[PDB]
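Participant: Here's my sequence, what's the structure:
(9 chains, ligands or ions: 7)
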Amino acid sequence: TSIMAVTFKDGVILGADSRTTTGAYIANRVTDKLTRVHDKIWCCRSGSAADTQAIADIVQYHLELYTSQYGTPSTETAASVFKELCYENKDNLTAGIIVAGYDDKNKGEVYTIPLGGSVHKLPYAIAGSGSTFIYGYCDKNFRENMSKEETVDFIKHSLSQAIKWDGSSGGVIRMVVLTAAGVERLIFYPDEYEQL
Amino acid sequence: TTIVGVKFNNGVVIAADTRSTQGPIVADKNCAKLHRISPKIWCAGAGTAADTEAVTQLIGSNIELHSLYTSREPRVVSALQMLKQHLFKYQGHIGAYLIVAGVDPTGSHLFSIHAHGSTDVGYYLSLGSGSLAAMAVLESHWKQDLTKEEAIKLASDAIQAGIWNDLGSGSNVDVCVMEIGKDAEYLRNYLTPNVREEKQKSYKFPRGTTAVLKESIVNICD
Amino acid sequence: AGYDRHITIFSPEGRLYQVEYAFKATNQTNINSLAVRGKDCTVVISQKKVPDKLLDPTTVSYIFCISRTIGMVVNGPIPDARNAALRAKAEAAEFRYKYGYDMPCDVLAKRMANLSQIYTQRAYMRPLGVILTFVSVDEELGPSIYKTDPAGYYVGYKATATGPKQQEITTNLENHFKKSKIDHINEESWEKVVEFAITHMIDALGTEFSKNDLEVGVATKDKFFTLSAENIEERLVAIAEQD
Amino acid sequence: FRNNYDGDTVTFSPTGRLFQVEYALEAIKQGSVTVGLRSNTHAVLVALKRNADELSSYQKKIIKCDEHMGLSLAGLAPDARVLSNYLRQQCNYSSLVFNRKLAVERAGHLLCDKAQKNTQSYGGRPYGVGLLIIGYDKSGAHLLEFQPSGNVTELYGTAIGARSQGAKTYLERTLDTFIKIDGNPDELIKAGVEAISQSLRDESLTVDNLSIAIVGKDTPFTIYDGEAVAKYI
Amino acid sequence: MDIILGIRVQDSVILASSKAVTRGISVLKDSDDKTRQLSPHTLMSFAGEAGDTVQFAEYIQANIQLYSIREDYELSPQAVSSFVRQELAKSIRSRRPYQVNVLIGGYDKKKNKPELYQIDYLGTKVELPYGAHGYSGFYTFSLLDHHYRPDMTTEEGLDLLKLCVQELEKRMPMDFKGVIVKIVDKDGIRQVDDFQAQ
Amino acid sequence: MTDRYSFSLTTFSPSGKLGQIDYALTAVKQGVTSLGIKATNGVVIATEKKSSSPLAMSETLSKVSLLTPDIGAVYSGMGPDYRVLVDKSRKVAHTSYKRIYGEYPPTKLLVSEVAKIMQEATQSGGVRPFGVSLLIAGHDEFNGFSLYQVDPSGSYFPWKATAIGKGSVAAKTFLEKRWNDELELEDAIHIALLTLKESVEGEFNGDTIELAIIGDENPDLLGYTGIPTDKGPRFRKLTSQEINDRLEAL
Amino acid sequence: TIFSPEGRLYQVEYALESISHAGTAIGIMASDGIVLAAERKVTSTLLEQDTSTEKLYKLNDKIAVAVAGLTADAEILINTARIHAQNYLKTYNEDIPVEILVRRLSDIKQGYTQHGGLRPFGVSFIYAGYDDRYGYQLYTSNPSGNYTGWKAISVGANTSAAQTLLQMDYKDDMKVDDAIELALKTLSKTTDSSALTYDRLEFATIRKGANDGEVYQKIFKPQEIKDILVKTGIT
Amino acid sequence: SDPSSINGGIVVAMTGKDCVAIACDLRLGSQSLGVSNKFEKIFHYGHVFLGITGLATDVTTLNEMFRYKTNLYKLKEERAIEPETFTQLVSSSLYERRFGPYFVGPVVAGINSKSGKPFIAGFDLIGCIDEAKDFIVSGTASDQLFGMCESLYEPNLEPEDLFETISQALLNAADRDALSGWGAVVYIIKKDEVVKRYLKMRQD
Amino acid sequence: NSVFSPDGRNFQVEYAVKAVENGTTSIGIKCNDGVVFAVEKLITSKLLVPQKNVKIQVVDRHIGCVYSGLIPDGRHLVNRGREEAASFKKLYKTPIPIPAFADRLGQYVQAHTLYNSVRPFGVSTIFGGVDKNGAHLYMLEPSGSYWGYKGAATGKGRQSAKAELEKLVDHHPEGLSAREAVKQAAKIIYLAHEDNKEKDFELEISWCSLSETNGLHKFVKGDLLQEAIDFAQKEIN
Ligand SMILES: [Mg+2]
Ligand SMILES: [Mg+2]
Ligand SMILES: [Mg+2]
Ligand SMILES: [Mg+2]
Ligand SMILES: [Mg+2]
Ligand SMILES: [Mg+2]
Ligand SMILES: [Mg+2]
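Facilitator: Residues are numbered from 1 along each chain as shown, chains lettered A, B, ... in the order given. Ligands and ions are numbered 1, 2, ... in the order given. Coordinates below:
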């Protein structure tokens, strides 16, 4: 798995590869790793698929109940629900989640909740097995306040490298753009991103 | 075991081989691995045979109750959510691996569930020890927007791959076709290419062959 | 003071006085409400009365968003209303979590009625003094109205009215559907269906409404929402040109 | 009106009264008198103990809660034992967990909340005891009065129990003098021993009649009985 | 390791049980009676883990004695053995199972027949002409398969038992200090106190 | 929070009456008539849809309910008590029977479970009996067709034909006159329609009457084919149009 | 649960009062069998006779009860008694002795009398059983949880009237066939209806199994009751 | 060691023309030590037969549990449980103990009294039903039994012949298993009657 | 409590209201960026230590509560409110919104009117603070009923307090600064003391203002208190 979320001028973009493996077998080559927990709050999941689906489902339940009672939850509220679940159940969970969202007041935000259950607010985040290969590259190429198309490119380049080196990552590159506009799904195929 | 699911333009087909094994030994030469969750939501399992049947029936019973209560035809996403939440709770100890397929008022659906409670969606899937043989066929011939006939052919062929190349699978091909308009059709032993040949000799014994120590009639009634 | 008047046990006539008393409680707020089905919407209208001028008018409401798709209007005192809203929300969120689809309007109504039945049968719980009207554009059944009372009864309606002057409005709408011979309003804009509803409330109750005397909730395919004063003002202007 | 409305603590009278709680308040009025008062540097409890007979002991009215805190009682004595035990526990908890001496004020809030639950739960009575709480903490001397309704008030001085209205009027009058009695334990006690006198239709208060307690700046909370009080009669 | 043997003759059941109690490197006792009377016509012998052994026997004894007084009646040997089996069957899946194997010898008055049941700690029950628990059966089953007859008298049974005890004294690595022998027939339970040099 | 009535609300009176049970039976009396008639090859259960508003949609409220593919129920009395009883009955058919024997309960045993649910509302602390009488009709392989009444006390009785609610006494009379053991299902549906016409105040048509049968298997209604030993439900709700067809020939 | 100033239990008393309105049940023990006969409470032509059992219930293969009182209360108890019999079989590999099953059932009734503020069960039972300790046995139990043994007994309506008649004609040396007659005559004399017709009766025997050495429970079909009402000459 | 190997034991059931047969060995051992020569492993609830192999304590327990459950069944239902239903009841009873299973391999034989059709089934220790119409085998010589049955069996055998087949299958499989044998009992089940024969076999 | 009267009323709750009317007078005033709370404390005797029987309570850091009626019932309600605000913060990280908090108190008070084994609360509570989207003021009755208010009063001086409150709404429709609302609160408390004049009283004020306290709840003390006392003294004479 290679997953990332990047803040830019008008919001936030999430991206992922589409490969799930059990050992060296590709169980699913077209997985959708981008998971909606509210209209403009999404996450990327890494670690145990069972664990992160179960968590994402609970969070979605909590955020629906929240919206009924109090109105749109902030991205921080979303992140906090994930953290609560991850921290409190650290001893039977293998879950690393990146949370990304947009709202009017706070604009684009990114939180990463790694294995411990800690929370970290960040301008951009990478995770999954494939991410280790792009630490250098992402750190050298990321800038704050990039445009939409620049950000799409940074993720595209970043994840194509991650896919190139990590056998666990691969398939298509999926992305979700989150802005005032709107929610936009992007897909990119091997024949394109391999030639980068 | 070889089980497959394949979406076509107006529905979804599932199929399975008919062999159960205790280690190397073949217990049942023609068992049924296709299970009904509800009239138009069917299911195939691999892994612990008791587990796939039980989890199918528990959820089948609750889906019936949900349908009666809500006055609506059962949805495939409900079978999925209940199965996955149940399996998750048992932290993989219930060894059920399932391909779950059906039609409901919302359209047609194809899903996989793993014993730890993760789910995936797709247009074609396989599970079981024959899963690699079947997937190689699926990856070779699956096209977008298949007809019903083509889908039955492809699923049937995927199971054959498992039957001929996986020692865990054998005997026959069962199929179930769920079309959006119609009643689900369950097609028991749709292919039977593994007929036992006639034996070389009859082994029926002359009466008296066995030595009997004593005898008595057994009372059934009261 | 006989015990058959204090808790929900049977009277010799086979009646449940505490249930009947609970119905009377539903009118204590002197608000009337009505609900109609459009071609692909459902509208609820309730009177808004803000007598005390120390009140913040925006916090005075008897319409609730239960889920993304279901609205609920209540006839009865607010504390019991809020108790019912909270529960409905929790039941709606839970249904979606467990069964993977949005809770249908009628199913939520059946469920809230079942809770009501229980208070009708168990001694230690009092019934809630409220009538609940549920609206949505159901994905399977189209525009829907389902109403539940302190008896645990519920049913679907072509249109409905609730409150002290319930009967006036009811017979008015009854007269309407006699003419049209169909079981909904023919109209595509929810704006026009809202106008029809306001119009017939005006006749039946023989009263005029300013933008602050009304409260409106609209359900369409996949939102339920409430109108602001300004959205309502725009509706009142529209009806004043022809009638 | 008082008719069907005083069956339990779970029922309001049509006037909005809770009779079980008002009845509990009446057991305090039966109890033997006790006085509390304080200055800037000390706080003193004075109690008239009551015998059940001339052959008996005068039953104790003062209970130590911590090194910096204790109380006197008027009403049901076993109720005083429940509450002082709880207060001892709260004091202890605060020491062990936070290494903090419990504020006299917080002790008030805690007792109040405890009394409160008993004014609202079916099948349990309210407490039938009044308490006077004294302590020395990080903001100095304190005196509190506790009523079983849950009302606790901070006072320079006060009295509770039978005929206590005399003592109270005296303290109301003396106020500006005893408040300044600083660094003189014995003068403050004398003012408390005199205040309790205004509440005797009884007898001349004897070496058994008298219970005095003190706490302050450089003095742990301590109880005087018998011979050790004679020098105040 | 505890010798526990049983033989059912025509009119009685004979139980023999070793007398030693050994812990580590020491024989602590040489007169241990590995037996509880359950009812006047039913006897139980036991062997297994140190404490469990007596605790189980006495618990069973308490239960059968309770029944007797409640019903003013004596449960048949078949009933007592079923009852005992069930207690062991429950125990085997509990937190800490009883590690005890038992012989039950009883004289049934309704049928006028002796009866011998062998039940191990798992709740495996069987009715047998003769039985043993532990290693002793590795010697005695074959001996008795040869020498045993269904119509033996009590005295013939005691000779047959003397033969089994001889074999065990000759071949078994442990010193079990002789046995205590008890006979169960229509006239109840009696101990043959002369066997050590009979 | 937490119950205060942990004692039976149904107690015996000096005369031996169980008051609350009597009073519930009075509620049944006030209720709209329902009836059941058993034939050689079927059972019919029928009732009237007493609507509460012309603005209500009476198809959204069913008084006749499927409990299992071969068992249906109708009631007279308090509708909400019926609705929750139906929920619990469907469930207990699964929890106490199908999840054990892999088949649906025979009619008498399911009735028996419903009866138990009702009996307990008669004995337990802090509750009132159910205000309903149910008629339960069903089929099963080894008992054939059957019809049962169940009352607020938990008593049940097998009937060849019966009626409950408002006009029950007149209707029971009209049925004793008309019933015989050679009745075919069509004949019994006819008799049910006649009996119901006496009871009905207003309009008498396929929109105001509710009627269901326990007949033969509807292999279509199953929803799937290919398992030959599965032939479909015997419970069937007649349609509005189906009812009117028999009312012309009435 | 409470006591009256007389030291009586209201709720129990009132439950017995309720039972005296229920259809009469009669039990007679003979030397070679037992008879259980009961009258159904004012019926109707439409009531299904062929699939009905309101007064006679099988507890196991060797024990039956005749019920007088609330049927629904009886089914609760019958069911626990059935379970209790099977627990015993499982524990001891012997059929439960009749007394033991009766005592347990009685103890459950006694319980409702003494704690928990639930109403007693409005039920009286006549137990008909065989075991190898006491042979044929007849016992009775009422809502108090008391129970007693009998050669002949009745419960429900007209017990006082029915008891005197049984006292009169009962003889120790009776065959079961004579007991059959006695029971039908006694119900005939004590009905509050024109005649005692088959459609108003439940009837059962516990015999020594035609010719065997074994015990058999015969629960009479309606047809058999009509025929046995012929022999005894009541048409 | 392995719970299903401690005691020894085999059961086999076959269908024929309007009959079924079910057979078992009589051994009860404790590892290498043979203890009982008379341990029967087939039982019957009315006309339904159940063989159980495996740990003997569980064989006994399940027999008592199924006597108990079928007795209650007949009481409430007023008829004897049929083969198909009993099969279901065994399966759900076993699965109920999913994470503390009984160490057994049950086998069900019988004729449906209404349809008259012969029926057999097998289960794993947690209730998984082996639905097979020819033969079912279970126990410490199940490999030997599968071998014997797959060669010996032919459909629609007359009861007197099916008797030879099942016996021969059992005897020869038992003789290749150190833990089986020591006597054998065979039931031939015809709707109307049931004959029980003890076989003469090697006593080693 | 669980008992409806033949006309749909609840007499126990109506009686609980009588306990409230019997109480001391307390008020709250919403201003342009905050809320102000004030309460009348009856000086029973000179022995009461001044400034030291604090009635106004804080919940979390951003919410004030004042109540009239049975004081112990108010403290009970605030304990429950504190637990309820902690649970919200623990899960959603953000401090509880005032409308959210209102309903939590609402549902709890309403619960005590469902069961025969419990009595309704004998207080009305006035509460509020600043959240993510402005200032809010609430009043909660023994029935559980609550709405948002521009200004609120309860207790014995309720009628005159409301009359004064109503005037301010009319003279200042363009919102009232936080510092003005403080003064006016001191005034209003004076003008409801008229009734209970027999015994002396002491004034308590607290406020929560975006620009004056950074949206935190604070007690008015020192010079600000004295100045508001002066305003009221000069405007009563
Ligand atoms: Mg790669
Ligand atoms: Mg193969
Ligand atoms: Mg109630
Ligand atoms: Mg109540
Ligand atoms: Mg094997
Ligand atoms: Mg062998
Ligand atoms: Mg007010």
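
Participant: can I assume residue E:67 sits in a helix?
Facilitator: Yes: when classified by DSSP: H, G, I helix; E, B strand; the rest coil, residue E:67 is found to be part of a helix.

Participant: For it, which residues are in contact?
Facilitator: E:73, E:75 (Cβ atoms under 8 Å, 6 or more residues apart in numbering or on different chains). (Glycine included, C-beta is placed from N, CA and C.)

Participant: Tell me how far it lies from residue E:88.
Facilitator: Taking Cβ to Cβ, to the nearest Å as the measure, residue E:67 falls 18 Å from residue E:88.

Participant: Residue G:184 and residue G:156, how far apart?
Facilitator: Taking Cβ to Cβ as the measure, residue G:184 falls 16 Å from residue G:156.

Participant: repeat for residue C:35
Facilitator: Relative to residue G:156, residue C:35 is positioned 57 Å away (Cβ to Cβ).

Participant: Those two: who's more crowded?
Facilitator: Neighbours were counted for residue C:35 and for residue G:156 using other Cβ atoms under 10 Å in any protein chain shown; residue C:35 has more, 30 against 24.

Participant: Looks like the more buried one contacts residue C:41 (just checking).
Facilitator: No: judged on Cβ atoms under 8 Å, residue C:35 makes no contact with residue C:41 at a distance of 11.2 Å.

Participant: Identify the residues contacting residue 88.
Facilitator: This is for chain A. By Cβ under 8 Å, 6+ apart, the residues touching residue A:88 are residue A:117.

Participant: Chain F, not that one
Facilitator: The contact partners of residue F:88, taken as Cβ under 8 Å, 6+ apart, are F:114, F:117.

Participant: hang on, it in a helix?
Facilitator: Yes: assigned with three-state DSSP, residue F:88 falls within a helix.

Participant: is it fair to say residue I:35 lies in a helix?
Facilitator: No: counting by three-state DSSP, residue I:35 falls outside a helix, being strand.

Participant: Do I have it right that it meets residue I:128?
Facilitator: Yes: the pair residue I:35 and residue I:128 qualifies as a contact (Cβ under 8 Å) at a distance of 4.4 Å.

Participant: Return the list of strands paired to the longest strand along chain A, each annotated with direction.
Facilitator: Longest strand of chain A, by residue count under DSSP state E: strand A:95-103. Strand A:95-103 has its sheet partners listed here by DSSP bridges as strand A:41-47 (antiparallel), strand A:107-113 (antiparallel).

Participant: Show me how far the last one is from its chain's centre.
Facilitator: On the basis of Cα atoms, centre = their mean, to the nearest Å, strand A:107-113 is displaced by 9 Å from the centre of the chain it belongs to.

Participant: what does the helix or strand following that strand contact?
Facilitator: With elements assigned by DSSP states H and E, the helix or strand that comes after strand A:107-113 is strand A:120-121. Applying Cβ under 8 Å, 6+ apart, the external contacts of strand A:120-121 come out as A:76, A:79, A:109, A:110, A:111, A:112, A:113, A:114.

Participant: And the first one, how far from ligand 2?
Facilitator: Note on residue A:76: its distance to ligand 2, by Cβ to the ion, to the nearest Å, is 55 Å.

Participant: Tally up the residues packed near that residue, please.
Facilitator: Using other Cβ under 10 Å, the number of residues around residue A:76 comes to 19.

Participant: Sounds good, over and out.
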